[PDB]
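Dropping protein-v6.pdb in here (PDB, C-alpha atoms and all ligand atoms):
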ATOM      1  CA  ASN A 701     -45.117 -39.941  11.097
ATOM      2  CA  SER A 702     -42.233 -42.238  12.036
ATOM      3  CA  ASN A 703     -42.575 -44.152  15.347
ATOM      4  CA  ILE A 704     -38.880 -43.781  16.245
ATOM      5  CA  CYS A 705     -36.676 -40.659  17.045
ATOM      6  CA  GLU A 706     -34.825 -39.522  13.921
ATOM      7  CA  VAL A 707     -31.701 -38.860  15.990
ATOM      8  CA  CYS A 708     -31.276 -41.889  18.447
ATOM      9  CA  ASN A 709     -33.626 -44.347  16.671
ATOM     10  CA  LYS A 710     -35.557 -45.265  19.863
ATOM     11  CA  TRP A 711     -39.249 -45.005  20.638
ATOM     12  CA  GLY A 712     -40.541 -43.053  23.563
ATOM     13  CA  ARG A 713     -42.202 -39.650  24.131
ATOM     14  CA  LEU A 714     -41.975 -38.378  20.512
ATOM     15  CA  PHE A 715     -42.956 -35.006  18.968
ATOM     16  CA  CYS A 716     -43.946 -35.230  15.345
ATOM     17  CA  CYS A 717     -43.070 -32.787  12.586
ATOM     18  CA  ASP A 718     -46.134 -31.219  10.880
ATOM     19  CA  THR A 719     -44.434 -30.814   7.525
ATOM     20  CA  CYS A 720     -42.500 -34.034   7.230
ATOM     21  CA  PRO A 721     -42.799 -37.560   8.654
ATOM     22  CA  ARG A 722     -39.907 -37.305  11.121
ATOM     23  CA  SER A 723     -40.247 -37.550  14.856
ATOM     24  CA  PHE A 724     -38.083 -36.537  17.873
ATOM     25  CA  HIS A 725     -37.428 -36.874  21.486
ATOM     26  CA  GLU A 726     -37.661 -33.455  23.124
ATOM     27  CA  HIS A 727     -33.906 -33.104  23.825
ATOM     28  CA  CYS A 728     -32.749 -35.057  20.773
ATOM     29  CA  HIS A 729     -34.051 -32.278  18.454
ATOM     30  CA  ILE A 730     -31.819 -29.178  18.403
ATOM     31  CA  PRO A 731     -33.031 -26.730  19.485
ATOM     32  CA  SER A 732     -35.117 -28.736  22.107
ATOM     33  CA  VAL A 733     -38.674 -29.195  20.782
ATOM     34  CA  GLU A 734     -40.531 -25.924  21.360
ATOM     35  CA  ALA A 735     -43.312 -25.887  24.111
ATOM     36  CA  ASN A 736     -46.232 -24.632  22.034
ATOM     37  CA  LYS A 737     -46.164 -23.951  18.216
ATOM     38  CA  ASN A 738     -49.013 -25.562  16.242
ATOM     39  CA  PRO A 739     -48.105 -26.425  13.588
ATOM     40  CA  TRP A 740     -44.429 -27.296  14.345
ATOM     41  CA  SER A 741     -41.741 -27.754  11.779
ATOM     42  CA  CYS A 742     -38.499 -29.749  12.587
ATOM     43  CA  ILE A 743     -34.964 -28.413  11.878
ATOM     44  CA  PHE A 744     -34.830 -30.499   8.675
ATOM     45  CA  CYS A 745     -37.875 -28.659   7.401
ATOM     46  CA  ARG A 746     -36.541 -25.236   8.524
ATOM     47  CA  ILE A 747     -33.281 -25.850   6.703
ATOM     48  CA  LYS A 748     -35.055 -26.945   3.517
ATOM     49  CA  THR A 749     -37.102 -23.657   3.693
ATOM     50  CA  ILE A 750     -33.935 -21.496   3.786
ATOM     51  CA  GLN A 751     -32.718 -23.301   0.716
ATOM     52  CA  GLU A 752     -36.067 -22.908  -1.082
ATOM     53  CA  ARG A 753     -36.311 -19.217  -0.327
ATOM     54  CA  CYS A 754     -32.763 -18.595  -1.634
ATOM     55  CA  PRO A 755     -31.861 -21.187  -4.261
ATOM     56  CA  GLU A 756     -28.535 -19.440  -4.864
ATOM     57  CA  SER A 757     -27.536 -20.365  -1.305
ATOM     58  CA  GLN A 758     -26.633 -23.786  -2.736
ATOM     59  CA  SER A 759     -23.953 -22.442  -5.007
ATOM     60  CA  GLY A 760     -20.377 -23.309  -3.909
ATOM     61  CA  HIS A 761     -18.726 -21.316  -1.161
ATOM     62  CA  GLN A 762     -15.210 -21.034   0.182
ATOM     63  CA  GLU A 763     -14.760 -22.436   3.718
ATOM     64  CA  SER A 764     -12.820 -19.358   4.775
ATOM     65  CA  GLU A 765     -15.757 -17.136   3.923
ATOM     66  CA  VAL A 766     -18.216 -19.435   5.703
ATOM     67  CA  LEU A 767     -16.138 -19.504   8.907
ATOM     68  CA  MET A 768     -16.101 -15.707   9.105
ATOM     69  CA  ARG A 769     -19.832 -15.336   8.990
ATOM     70  CA  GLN A 770     -21.491 -13.877  12.021
ATOM     71  CA  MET A 771     -23.958 -16.083  13.888
ATOM     72  CA  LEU A 772     -27.157 -14.463  12.666
ATOM     73  CA  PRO A 773     -30.308 -16.614  12.902
ATOM     74  CA  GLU A 774     -29.793 -18.622   9.683
ATOM     75  CA  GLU A 775     -26.170 -19.469  10.569
ATOM     76  CA  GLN A 776     -27.236 -20.355  14.161
ATOM     77  CA  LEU A 777     -29.769 -22.759  12.679
ATOM     78  CA  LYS A 778     -27.255 -24.270  10.227
ATOM     79  CA  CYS A 779     -24.817 -24.961  13.123
ATOM     80  CA  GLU A 780     -27.626 -26.503  15.229
ATOM     81  CA  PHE A 781     -28.502 -28.775  12.302
ATOM     82  CA  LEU A 782     -24.843 -29.757  11.716
ATOM     83  CA  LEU A 783     -24.539 -30.619  15.455
ATOM     84  CA  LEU A 784     -27.707 -32.686  15.228
ATOM     85  CA  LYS A 785     -26.355 -34.576  12.185
ATOM     86  CA  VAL A 786     -23.351 -35.641  14.328
ATOM     87  CA  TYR A 787     -25.693 -36.866  17.127
ATOM     88  CA  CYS A 788     -27.581 -38.853  14.501
ATOM     89  CA  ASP A 789     -24.586 -41.254  14.266
ATOM     90  CA  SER A 790     -24.480 -43.778  17.045
ATOM     91  CA  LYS A 791     -20.734 -43.345  17.423
ATOM     92  CA  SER A 792     -21.400 -39.838  18.774
ATOM     93  CA  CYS A 793     -21.911 -41.449  22.144
ATOM     94  CA  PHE A 794     -18.203 -41.530  22.673
ATOM     95  CA  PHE A 795     -17.958 -37.729  22.253
ATOM     96  CA  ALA A 796     -21.225 -36.614  23.927
ATOM     97  CA  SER A 797     -20.343 -36.253  27.582
ATOM     98  CA  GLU A 798     -17.387 -34.836  29.449
ATOM     99  CA  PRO A 799     -14.246 -37.017  28.936
ATOM    100  CA  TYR A 800     -11.461 -37.916  31.378
ATOM    101  CA  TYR A 801      -7.927 -38.876  30.649
ATOM    102  CA  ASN A 802      -5.879 -41.518  32.559
ATOM    103  CA  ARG A 803      -3.917 -43.711  30.165
ATOM    104  CA  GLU A 804      -0.325 -44.851  30.585
ATOM    105  CA  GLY A 805       1.898 -42.987  28.153
ATOM    106  CA  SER A 806      -0.560 -40.199  27.304
ATOM    107  CA  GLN A 807      -1.428 -36.849  28.746
ATOM    108  CA  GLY A 808      -4.972 -35.348  28.422
ATOM    109  CA  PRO A 809      -5.652 -32.414  26.198
ATOM    110  CA  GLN A 810      -5.107 -28.823  27.279
ATOM    111  CA  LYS A 811      -8.628 -27.890  26.218
ATOM    112  CA  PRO A 812     -11.150 -30.729  26.588
ATOM    113  CA  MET A 813     -14.265 -30.539  24.456
ATOM    114  CA  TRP A 814     -17.402 -32.585  23.974
ATOM    115  CA  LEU A 815     -20.731 -32.476  22.084
ATOM    116  CA  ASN A 816     -22.967 -31.596  25.027
ATOM    117  CA  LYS A 817     -20.647 -28.646  25.793
ATOM    118  CA  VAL A 818     -21.042 -27.404  22.161
ATOM    119  CA  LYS A 819     -24.772 -27.931  22.468
ATOM    120  CA  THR A 820     -24.929 -25.747  25.643
ATOM    121  CA  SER A 821     -22.715 -23.130  23.994
ATOM    122  CA  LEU A 822     -25.058 -22.870  21.017
ATOM    123  CA  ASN A 823     -28.114 -22.672  23.263
ATOM    124  CA  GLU A 824     -26.472 -19.898  25.297
ATOM    125  CA  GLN A 825     -25.526 -17.919  22.066
ATOM    126  CA  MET A 826     -21.808 -18.110  23.013
ATOM    127  CA  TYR A 827     -20.533 -18.283  19.447
ATOM    128  CA  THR A 828     -20.365 -14.969  17.510
ATOM    129  CA  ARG A 829     -19.029 -16.526  14.261
ATOM    130  CA  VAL A 830     -19.377 -19.914  12.526
ATOM    131  CA  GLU A 831     -15.646 -20.315  13.083
ATOM    132  CA  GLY A 832     -16.149 -20.654  16.917
ATOM    133  CA  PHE A 833     -18.540 -23.566  16.508
ATOM    134  CA  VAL A 834     -16.432 -25.306  13.843
ATOM    135  CA  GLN A 835     -13.235 -24.920  15.855
ATOM    136  CA  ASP A 836     -14.789 -26.524  18.955
ATOM    137  CA  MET A 837     -16.243 -29.399  16.861
ATOM    138  CA  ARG A 838     -12.916 -30.116  15.193
ATOM    139  CA  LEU A 839     -11.176 -29.939  18.560
ATOM    140  CA  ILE A 840     -13.245 -32.823  19.828
ATOM    141  CA  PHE A 841     -11.764 -35.148  17.215
ATOM    142  CA  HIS A 842      -8.263 -33.706  17.273
ATOM    143  CA  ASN A 843      -8.057 -34.223  21.117
ATOM    144  CA  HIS A 844      -9.184 -37.821  20.641
ATOM    145  CA  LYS A 845      -6.569 -38.579  17.962
ATOM    146  CA  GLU A 846      -3.794 -37.113  19.956
ATOM    147  CA  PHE A 847      -4.694 -38.848  23.232
ATOM    148  CA  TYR A 848      -5.311 -42.395  21.844
ATOM    149  CA  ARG A 849      -2.054 -42.346  19.790
ATOM    150  CA  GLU A 850      -1.671 -45.782  18.170
ATOM    151  CA  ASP A 851      -4.578 -47.440  19.926
ATOM    152  CA  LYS A 852      -7.078 -48.579  17.291
ATOM    153  CA  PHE A 853      -9.724 -46.592  19.221
ATOM    154  CA  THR A 854      -8.312 -43.526  17.470
ATOM    155  CA  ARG A 855     -10.420 -44.591  14.504
ATOM    156  CA  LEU A 856     -13.616 -43.598  16.226
ATOM    157  CA  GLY A 857     -12.444 -39.957  16.071
ATOM    158  CA  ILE A 858     -11.699 -40.261  12.319
ATOM    159  CA  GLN A 859     -15.078 -41.798  11.723
ATOM    160  CA  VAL A 860     -17.151 -39.199  13.512
ATOM    161  CA  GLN A 861     -15.010 -36.332  12.118
ATOM    162  CA  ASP A 862     -15.780 -37.620   8.633
ATOM    163  CA  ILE A 863     -19.535 -37.394   9.432
ATOM    164  CA  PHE A 864     -19.027 -33.839  10.700
ATOM    165  CA  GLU A 865     -16.997 -32.738   7.656
ATOM    166  CA  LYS A 866     -19.342 -34.273   5.002
ATOM    167  CA  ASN A 867     -22.298 -32.591   6.700
ATOM    168  CA  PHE A 868     -20.417 -29.292   7.022
ATOM    169  CA  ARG A 869     -19.744 -29.299   3.273
ATOM    170  CA  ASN A 870     -23.386 -30.107   2.529
ATOM    171  CA  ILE A 871     -25.113 -27.718   4.898
ATOM    172  CA  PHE A 872     -22.855 -24.734   4.180
ATOM    173  CA  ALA A 873     -22.656 -25.580   0.403
ATOM    174  CA  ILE A 874     -18.862 -25.695   0.331
ATOM    175  CA  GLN A 875     -17.473 -25.682  -3.259
ATOM    176  CA  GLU A 876     -16.727 -29.218  -4.361
ATOM    177  CA  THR A 877     -13.053 -29.996  -5.067
ATOM    178  CA  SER A 878     -10.803 -33.000  -5.910
TER     179      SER A 878
HETATM  180 ZN    ZN A 901     -34.062 -39.538  20.470
HETATM  181 ZN    ZN A 902     -39.867 -31.868   9.398
HETATM  182 ZN    ZN A 903     -32.676 -15.264  -2.861
END
When written as structure tokens, how does the structure in this file appear?
Amino acid sequence: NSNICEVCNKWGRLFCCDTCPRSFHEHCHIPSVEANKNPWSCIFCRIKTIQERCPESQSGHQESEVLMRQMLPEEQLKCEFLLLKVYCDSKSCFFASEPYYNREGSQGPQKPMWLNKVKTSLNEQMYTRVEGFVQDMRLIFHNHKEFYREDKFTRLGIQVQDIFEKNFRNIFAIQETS
């Protein structure tokens, strides 16, 4: 197995996947690495199994259909994986914890949002449809763009939203378009 966390790229107290060479900090994996379970398979491996069991699941889908899906176990897992893919980028640090807003010429957002809040909401089964998770994720970046205005720091929101959207299209097999 790897000797660094797949998510944050640091060593430490690492749990190793039994079916692939990846490794994880306990709270870097989503869901948090399970207490017992021998063998243990990571979220990457669990996602690959869903695909392998239903090869047709990779055919193109419309985003509007995907958003309306109820959060049954497979969709829960897909949203956990998509969240984890965002944490895998180091620029997610800016969006992880609760923000505050005190900048001359700007007013904070009406509905603040951050990655650790989405993580808690998934763990608590607070989303009933994919749409609830996707709307909170996109709100993170939209709040950032609106608040930072013409500051070049706005670009961080565009960057991490692009990681989110590429992974969304991949994980939920969104129909490719020009
Ligand atoms: Zn880690
Ligand atoms: Zn694995
Ligand atoms: Zn099938």
Evaluate the PyMOL selection byres (((not hetatm)) within 6 of (chain A and resi 901)) here and jot the selected residues down as a PyMOL selection string.
chain A and resi 705+707-708+710+724-725+728
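Under the PyMOL selection byres (((not hetatm)) within 10 of (chain A and resi 903)), the matching residues in the shown file are residues 750, 751, 752, 753, 754, 755, 756 and 757 of chain A.
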From the options A:807, A:792, A:835, A:825, which residue's atoms come nearest to residue 856 in chain A, counting only C-alpha atoms?
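Among the listed residues, A:792 lies closest to residue 856 in chain A.
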Please measure the separation of CA of residue 709 in chain A and CA of residue 789 in chain A, giving the value in Å to one decimal.
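The value is 9.9 Å.
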Counting all atoms listed in the file, which protein, DNA or RNA residues come within 8 Å of ligand ZN 902 (chain A), given as JSON, numbers by chain?
{"A": [716, 717, 718, 719, 720, 721, 722, 723, 741, 742, 743, 744, 745, 746]}
Computed gap from CA of residue 803 in chain A to CA of residue 786 in chain A is 26.3 Å
Considering all atoms listed in the file, state which residue in the set A:797, A:806, A:854, A:749 is at the smallest distance from residue 818 in chain A.
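Going through A:797, A:806, A:854, A:749 one by one, the smallest distance to residue 818 in chain A is for A:797.
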Take the PyMOL selection byres (((chain A and resi 832) around 12) and not hetatm), run it mentally on this structure, and tell me the resulting residues as number ranges by chain.
A: 766-771, 775-776, 779, 818, 821-822, 825-831, 833-839
When you draw a straight line from CA of residue 864 in chain A to CA of residue 847 in chain A, how long is it in Å?
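Distance between the two atoms: 19.7 Å.
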Would you please work out which residue, of A:760, A:808, A:857, A:712, is nearest to residue 871 in chain A when using all atoms listed in the file?
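With all atoms listed in the file as the atom set, the closest residue is A:760.
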Atoms are missing here; could range 784-803 of chain A be completed with N, CA, C and O atoms and written as a short mmCIF file (atom, residue, chain, number, x, y, z; two decimals), in the frame of the given file?
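Saved the output as part_39.cif:
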data_model
loop_
_atom_site.label_atom_id
_atom_site.label_comp_id
_atom_site.auth_asym_id
_atom_site.auth_seq_id
_atom_site.Cartn_x
_atom_site.Cartn_y
_atom_site.Cartn_z
N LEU A 784 -26.74 -31.60 15.17
CA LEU A 784 -27.71 -32.69 15.23
C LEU A 784 -27.34 -33.81 14.30
O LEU A 784 -27.45 -35.02 14.66
N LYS A 785 -26.76 -33.55 13.12
CA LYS A 785 -26.36 -34.58 12.18
C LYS A 785 -25.26 -35.45 12.83
O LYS A 785 -25.20 -36.66 12.57
N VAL A 786 -24.37 -34.82 13.62
CA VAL A 786 -23.35 -35.64 14.33
C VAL A 786 -24.01 -36.55 15.36
O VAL A 786 -23.64 -37.74 15.45
N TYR A 787 -24.93 -36.02 16.17
CA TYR A 787 -25.69 -36.87 17.13
C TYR A 787 -26.44 -37.96 16.45
O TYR A 787 -26.68 -38.98 17.15
N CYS A 788 -26.83 -37.82 15.22
CA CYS A 788 -27.58 -38.85 14.50
C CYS A 788 -26.72 -40.13 14.32
O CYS A 788 -27.33 -41.20 14.15
N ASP A 789 -25.41 -40.03 14.38
CA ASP A 789 -24.59 -41.25 14.27
C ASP A 789 -24.40 -41.83 15.65
O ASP A 789 -24.02 -41.19 16.58
N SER A 790 -24.62 -43.17 15.75
CA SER A 790 -24.48 -43.78 17.05
C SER A 790 -23.10 -43.66 17.71
O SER A 790 -23.01 -43.65 18.95
N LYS A 791 -22.05 -43.49 16.91
CA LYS A 791 -20.73 -43.34 17.42
C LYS A 791 -20.49 -42.00 18.14
O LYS A 791 -19.46 -41.80 18.83
N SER A 792 -21.46 -41.03 17.99
CA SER A 792 -21.40 -39.84 18.77
C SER A 792 -21.45 -39.99 20.26
O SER A 792 -21.00 -39.19 21.02
N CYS A 793 -21.92 -41.20 20.71
CA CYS A 793 -21.91 -41.45 22.14
C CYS A 793 -20.59 -41.30 22.85
O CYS A 793 -20.49 -40.78 23.95
N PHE A 794 -19.51 -41.60 22.12
CA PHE A 794 -18.20 -41.53 22.67
C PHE A 794 -17.70 -40.11 22.97
O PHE A 794 -16.83 -39.84 23.79
N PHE A 795 -18.37 -39.14 22.27
CA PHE A 795 -17.96 -37.73 22.25
C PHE A 795 -19.02 -36.86 22.94
O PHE A 795 -18.80 -35.65 22.97
N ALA A 796 -20.14 -37.40 23.42
CA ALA A 796 -21.22 -36.61 23.93
C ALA A 796 -20.97 -35.96 25.24
O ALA A 796 -21.23 -34.76 25.45
N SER A 797 -20.51 -36.74 26.22
CA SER A 797 -20.34 -36.25 27.58
C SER A 797 -18.92 -35.94 27.93
O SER A 797 -17.99 -36.18 27.16
N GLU A 798 -18.67 -35.34 29.10
CA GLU A 798 -17.39 -34.84 29.45
C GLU A 798 -16.38 -35.99 29.60
O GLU A 798 -16.65 -36.92 30.44
N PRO A 799 -15.29 -36.00 28.87
CA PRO A 799 -14.25 -37.02 28.94
C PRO A 799 -13.31 -36.85 30.14
O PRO A 799 -13.27 -35.80 30.78
N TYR A 800 -12.62 -37.97 30.44
CA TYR A 800 -11.46 -37.92 31.38
C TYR A 800 -10.33 -38.79 30.87
O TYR A 800 -10.52 -39.70 30.06
N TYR A 801 -9.13 -38.47 31.30
CA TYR A 801 -7.93 -38.88 30.65
C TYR A 801 -6.91 -39.45 31.68
O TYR A 801 -6.18 -38.70 32.33
N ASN A 802 -6.87 -40.79 31.69
CA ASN A 802 -5.88 -41.52 32.56
C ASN A 802 -5.43 -42.80 31.90
O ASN A 802 -6.01 -43.84 32.14
N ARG A 803 -4.44 -42.65 31.02
CA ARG A 803 -3.92 -43.71 30.16
C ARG A 803 -2.43 -43.65 30.26
O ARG A 803 -1.84 -42.61 30.12
#
